[PDB]
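Participant:
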Ligand SMILES: [Mg+2]
Ligand SMILES: [Mg+2]
Ligand SMILES: [Mg+2]
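Residue numbers (PDB author numbering), protein chains in the order written: chain B, 6 to 220, 231 to 335; chain A, 10 to 335; chain B', 6 to 220, 231 to 335; chain A', 10 to 335; chain B'', 6 to 220, 231 to 335; chain A'', 10 to 335. A prime marks a further copy of an entry chain.
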């Protein structure tokens, strides 16, 4: 310590590329990327999403075609988000555990064609209920929890049966991680991993996602200590990996979570973060180098893995 | 869970308010402003929707409302005429330069408003770099400090309460402090840009200030920090505190919230953060497109307080102050 | 570090109001205030309390009138303290769980008229026993605990049935938080919060409160490490929020509790603290700015919420 | 367990990659090279299988591939002719010495390649010690610093971007920094060998550089650190940082990984480690015998990153860079 | 602090042997050494191992002869590794719990002849299965765990019955430490210690060991935080001592484990570490003083005990 | 428990040895010796059973066995003749004083044995205080430092490898270091008595050295530390390290083990402890009475290692070294 100018000039290591490379503390690699994908029900179709320029909803045959290039680029995993047809939404959310639902069909197709690619499914009831609430309601509109926990467990088990290696309770509820963990073990799916959405905030950054998928419990953005209690509870319940969401607006949370628990920590660069960046890049306001700058921030902040709609572009860039 | 259900405190608005850990107030806001030469001039900046370059007379008119909203301070950025740019950056310490003239006008009209001047040579050089170049094109450190010290003394003479060296030369905070003390400017605060990274988020600002064409495709990797580095920011801030800074800053902002958190935790000193032009533009573009709700503005600024910042330099300051006044 | 005069002059940030505001580390807001209220049994009555100048016991119709202004000022919650008529005090403390007791009637009235206002009820047997001890005694005068735990559970459930959002075991006993937590869950009151009086000291500052309400277990004032063990036990038993009491005389405890547990921490500025301040203000010895100075100390010390008889005055001042 | 089975993340390659905590890249590699006098000379070193001593012309040819593989820097070690060794170590600062000549040649041919010169008198003394001896045979500290400072200035004059004092004299980092600053060598980095132990793992290097016969059975216990001590390394590194080092190093490497970890955790500064000659030789001997698979090379280098090093001086650098390029 | 040259010259304590001895922070003693031994099935035989120069496989009568000198040198314990004849390897691994298996016979012989010498047996199924996997497989080749846990428990109990004072689940599995701990207690072997191979990496340094014994679950070398979670789980399951393996390539892990848990920590200087050092010593590339240098590194790094094939040589040297 | 029974590792000798956290070795021992003037003199000390005052010739004879046992160093304490005591303590720096003569004799006879001389004026003053008194009877700080510096230079001139200021004057470590550096005594170590308390355990030493009658009922509360204070010891040690001490010491020993532990944990520097005369006497009296077994000697010395000391000044050093040699 006691470093003082001019004995210490911090620009000396910045003088040349070689010394900036030798002291460089972090680096993003393709091992850090997870690509979220919106999956349609039909055959031979793609749809553009107005608020997520460059992102497409894909039927499963199209998903398989694009996955050939994602696998060649080395992306380790995908996170699937089905786009449920409105006629499949119900009150009992039976579509969540249908072995022929989009998520289950997509995961069987991908596990068969690309055996080493990781598939992370979404465990939640909101994409399948007519009302759009994440749970089954009683006559007055209040959540019945064990009826809902029951369908979620059937959902997670159906994902495990389709071959998913990871399930992600994307909900922000209590009791689900343990029930799913317990049910998977109970049913013999001992190596299915549970990626919990641990510190998930009530945020305006999810806007574009509601367009993509066709749609009191999320955390207050002001709170930071509360996120550590959320992650601790998920860890205690058996989560294998924990996630912070949204991402860049919560980088201080990523840093605190990694420092406190030293566990596998993930971060979601959500639809609104992607949309802001891409709109600015397309308008000529920001250079495309901001994509890698934003992703290296997650590594510097302490994330092991990043769910990002820029995964393909970033993997292509990681070459330079 | 079941004993500990964290949803209980979240159930109702009253209990969420009681347990809310951080709050954004107008005391935390600093508004950066782009100032033009001449009279009765107002110019839109396409890459910063909603922001205008203003001549001093127009700045004084707009500042009446910034003061009424209670914004504590402005950060001035002069839009130097192309013909006043040179290799020696001498316009940086001209007593009749835009920054100096704007400072005297604002200090007279609004005595309680804080004026934070920019100490840096980028608005004044033909090449757009923040210091003086040697014959190999390197930004010289100590020769640049000599010009920055002359610049900071000129701002103190104009009445600025705070000078903010945004240059990233090593040792400049101590040089400027020594010069201010020697000259009797005992209470001029120095707001150091301590951990300032070599980023792509500054694009729109280069357009706003008129340095974009001068810099061209140039980079500042020999002085601004590598985005990959976090421990190094602690060493930058420690030096600036030992050299006499009254406030230390992290820049850019949202992409570096982890740095704000480490800096506040390690040094427990007045910590500031800049929500830069590219952060403003990306949000504004998405809000205008209808992709993000307007509530994202306060959410973005709340993140800086949660991460540990005391004050935030933000182009959203007027809008945020209007929304907080509710 | 290595900050030294005259390079570092700490008065520079204090030179002007604008720079004092920019570096100001804490601020009190109306979101931090909880107002305790003494509730009478009758109709159209108020009583002055000699040792708490300016504070009044209020019948429920008067309470509703005053609550209109507390709600307009933004105060988030009230803590109710019934003033039990002597003819309702018994040996079995049945009045504690009477659905027509003052606390239950007051909470139903307030929950119906002001649905967003939080109500924190007092769970304790002392206001309802003839002897004034917080528990039911056996023939020799010794506490029978499960008979007492039983009535306290009926009490907390009766509060939950009346609509209380928060119950506060204001006792300083062991076993109660868990029994109440367990009983509320068991009965379906899953979102009722439990605000534990965790570090509550044996103190002379409660004097005036005994006048207001008509009335071996509290902590020794010398002890600080002991308070952390008290808070840890309440947290383990399911408390949603933890409180230190009294307040200003124990600000070091507030700081240690927030630092150690990072949980929602509350502090009671008790009747004697209020009385000392108000007597000095009324005598012209202290300016009224001391009220906000005393309340900002709780925020600086680490409290999230403050139970204070000055809540109305403070909310009115928070404007300047 | 059963809830927490740590084997779940280990089950598949994709999940092992997602949770992998550290990675080795070519940015982390520094290749040490032994340089001969003369022209068209290449010599094998029996105790360092696969490593050759090279004349400058041969070094320039081999460096074309080191540069193509992206290795950031070389660390030069001159093989001084026996007749140029003396009590005064004057060849250490000869402008026409091997290190000086090699540096000028490499700086001209490969402008972006980092050149790290060795500041130490062991290649130049008749006795093989790293400093000047007094009449009792003790290695004098301050008289040795005077020669090391002349040596470091000569390397800066030859164009080295980094000088690395590997001598273990007290206070030499500050003396060398002061001399570099006074002479205007503002940006010459100083890579201090901070916690360098008195070890048996240096045997093969003494053969490679030609100091083995000069040192004989001599020891360096009055200056290199006792292998038993760990807290003492923190005091060595603290002094070198206060004296102005830009990088600090632990040496040897694998036998001292605990020291690398404590040094990175305590100071959060650029931390380097040397996988010394004896570590290289023991691995190479076992790999050639078929006792260890070739995958041990990357496993050994991954350990340095896991332990906290930013950069690694390793004789395996070319092989490792070839394997990483996949 | 604030130590600065020339007031502080760190060479002053290094000037003389006496002051280097007074400030010397660590020292290796014979109390720190554990010698691993490869045991053959027959009588009056020894075999040289090509990739471990100087190490020999020993029949039990030869083992007893060599143990006389190990005991005279003060070595506290041996770790036995039987060399199973191929005709004893099966699918059910019954040889693991045979009371007449090499390990059991060797431990009864040593416990009877040298009552104070500690014996650490290896609990694992890999030396006894035809396939060489550490577990019993079902028809498709997948591990059946309770059949395997069952034989391992019989194995550990058979070791305890033969007189072993320590058993070492050398596996890298979950559930075994607890089952063995539970079974030993259940059976009355309350003082048998369990030395867990806690942080055991997937490494190339085990090469020579496969030659010596005739032969998804081991840790990734890149991970360090993961090792702390591994050690914590073993401690929670009842391990008496925890070990890091391999050794010198993982000294940073030894340091973190000792610092985090402050528990009895052991480290294995594996076959490849021994082979590299001995090959270099025999080639004249390294002096034999490197053996003690390598072993003092383990003490400096925080190990209490070291499993090392150099134990005999080191104990002989510890005299100088 | 039952899973975790801490008795399991304790069950057998082999497992207790494997988990044993600390060990005492002869490397940790320093033997204090009381030296007389004259020839062929040996005197028993009733309050320190087993300890003798020895003339230099007798000291050289006894030191042959201390050296054979491997004890690293001696700490010399001269038994000044009554007639050589004065107000100015000039005998402290007499080149022909007992300490100076004993040092030259031992350095010649046993070149590898460490000699630690005592820097303090208590053996030389008529009043027994460790410094010079003013007219109010106060022990002057800076005037005392001037005499201690002359004393320490005389010990360095006599050949002592270590001087140990046991005086408790503020700032003396830095004064002595500056004087040693200025005079070229570069490698003379300074073993500071850093946290030395005003204790009743020193009684027997005052008898051994002959200062007891001079001090009478006097006290040293204006300079030695109050036994109640622990945080203050950290401030004493920090100053002595910043002033250049090579080793820092806590004294007395067993009654202050908590201070040894805090000092090693806080500073991670070479830490020494003195098992003072009264600790020796109380143990010896109990052992001779048959109240405590002789095994208490090693138990007492093991406590210092467990508490964090690297070295121990103990009158039991010969006995302990004999017992460790087993
Ligand atoms: Mg700086
Ligand atoms: Mg050094
Ligand atoms: Mg002192």
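Ideal placement from N, C-alpha and C gives every residue a C-beta, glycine not left out.
List the residues of chain A that residue 186(A') touches, going by C-beta distances under 8 Å, in chain order.
Facilitator: The premise fails here: residue 186(A') is roughly 14 Å from chain A at the closest Cβ pair, so nothing lies under 8 Å.
Participant: Residue range of the beta strand (DSSP E) that residue 258(A) falls in?
Facilitator: 256-260 is the extent of the beta strand (DSSP E) around residue 258(A).
Participant: Any contact of the region 299-309 of chain B' with the region 251-260 of chain B', i.e. 3+ C-beta pairs under 8 Å?
Facilitator: As far as the Cβ criterion goes, the region 299-309 of chain B' does not touch the region 251-260 of chain B', which means the pair count is below three.
Participant: Determine which residues share a DSSP beta bridge with residue 281(B') and list them.
Facilitator: Residue 281(B') is bridged to 258(B') and 320(B').
Participant: Using alpha carbons as the reference points, say which of 57(B'), 8(B') and 52(B') lies closest to residue 210(B').
Facilitator: Out of 57(B'), 8(B') and 52(B'), 57(B') has the C-alpha closest to the C-alpha of residue 210(B').
Participant: Under 8 Å between C-beta atoms, does residue 270(B) make it to chain B''?
Facilitator: Not an interface residue.
Participant: Nearest by alpha-carbon distance to residue 129(B): which of 146(B), 122(B), 52(B) and 100(B) is it?
Facilitator: The shortest Cα separation from residue 129(B) among 146(B), 122(B), 52(B) and 100(B) belongs to 100(B).
Participant: Can you tell me whether DSSP reads residue 17(B') as helix, strand or coil?
Facilitator: If DSSP states are grouped into helix, strand and coil, residue 17(B') belongs with coil.
Participant: Can you pull the chain B' neighbours of residue 240(B), defined as C-beta to C-beta under 7 Å?
Facilitator: Under the 7 Å cutoff, chain B' gives 277.
Participant: Just to confirm, does residue 149(A) get its C-beta within under 7 Å of one of the non-hydrogen atoms of ligand 1?
Facilitator: No, ligand 1 has no heavy atom inside 7 Å of this Cβ.
Participant: List, from N- to C-terminal side, the alpha helix (DSSP H) runs of 4 residues or more that fit wholly inside the region 87-144 of chain B''.
Facilitator: Counting whole runs of 4 or more residues, the region 87-144 of chain B'' contains the alpha helix (DSSP H) stretches 107-118.
Participant: I need the DSSP call for residue 291(B), collapsed to helix, strand or coil.
Facilitator: Helix.
Participant: Could you give the distance in angstroms between the alpha-carbon of residue 42(A') and the alpha-carbon of residue 79(A')?
Facilitator: One C-alpha to the other measures close to 16 Å.
Participant: Give a yes or no on whether the C-beta atoms belonging to residue 316(A') and residue 246(A') are separated by under 8 Å.
Facilitator: Cβ atoms of residue 316(A') and residue 246(A'): not closer than 8 Å.
Participant: Among the candidates 108(B'), 213(B'), 204(B') and 63(B'), whose CA atom is the shortest distance from the CA of residue 161(B')?
Facilitator: The option with the nearest alpha carbon to residue 161(B') is 108(B').
Participant: So with CB distances below 7 Å, who are the chain B contacts of residue 231(A)?
Facilitator: Neighbours of residue 231(A) on chain B, chain order: 16, 19 and 20.
Participant: Is it the case that the region 200-217 of chain A contacts the region 21-39 of chain B, given that we only count it when at least three CB pairs across the two stretches are under 8 Å?
Facilitator: Touching, no.
Participant: Taking 8 Å as the cut-off, decide whether the C-beta atoms of residue 240(B) and residue 30(A) are in contact.
Facilitator: For residue 240(B) and residue 30(A), yes; Cβs fall inside 8 Å.
Participant: Please confirm whether residue 219(B) and residue 313(B) have their CB atoms less than 8 Å apart.
Facilitator: No; because the gap between Cβ atoms is not below 8 Å, this pair is not in contact.
Participant: Taking the alpha carbon of residue 53(A') as the reference point, which residue from 180(A'), 214(A'), 76(A') and 193(A') has its own alpha carbon closest?
Facilitator: Here the closest residue by C-alpha is 214(A').
Participant: For residue 266(B), does the count of other Cβ atoms within 10 angstroms reach 16, so buried, or fall short, so exposed?
Facilitator: It is buried - the Cβ of residue 266(B) has at least 16 other Cβ atoms within 10 Å.
Participant: Could you name each continuous beta strand (DSSP E) segment of 3 residues or more that falls completely within the region 151-208 of chain B', going from the start of the chain to the end?
Facilitator: With a minimum length of 3 residues, the continuous beta strand (DSSP E) runs that stay inside the region 151-208 of chain B' are 171-174 and 198-205.
Participant: Nearest CA to the CA of residue 148(A): which residue from 17(B), 309(B) and 306(B)?
Facilitator: Checking every option, the nearest Cα to that of residue 148(A) belongs to 17(B).
Participant: From the DSSP secondary-structure annotation, give me the bridge partner or partners of residue 61(A).
Facilitator: Residue 61(A) is bridged to 53(A).
Participant: Can you tell me the Cα-Cα spacing of residue 273(B) and residue 311(B), whole angstroms?
Facilitator: Spanning the two alpha carbons is a distance of roughly 16 Å.
Participant: State the DSSP-derived secondary structure class of residue 330(A), mapped to helix, strand or coil.
Facilitator: Reduced to three states, the DSSP call for residue 330(A) is helix.
Participant: Could you name the residues of the same chain whose beta carbon sits closer than 6 Å to that of residue 24(A''), not counting the 5 residues immediately before and after it, in chain order?
Facilitator: Here the set comprises 18.
Participant: For residue 48(B''), which residues of its own chain have a beta-carbon under 7 Å away from its beta-carbon, when the five flanking residues on both sides are left out?
Facilitator: For residue 48(B''), where only same-chain residues beyond five positions count, the Cβ hits under 7 Å are 64 and 66.
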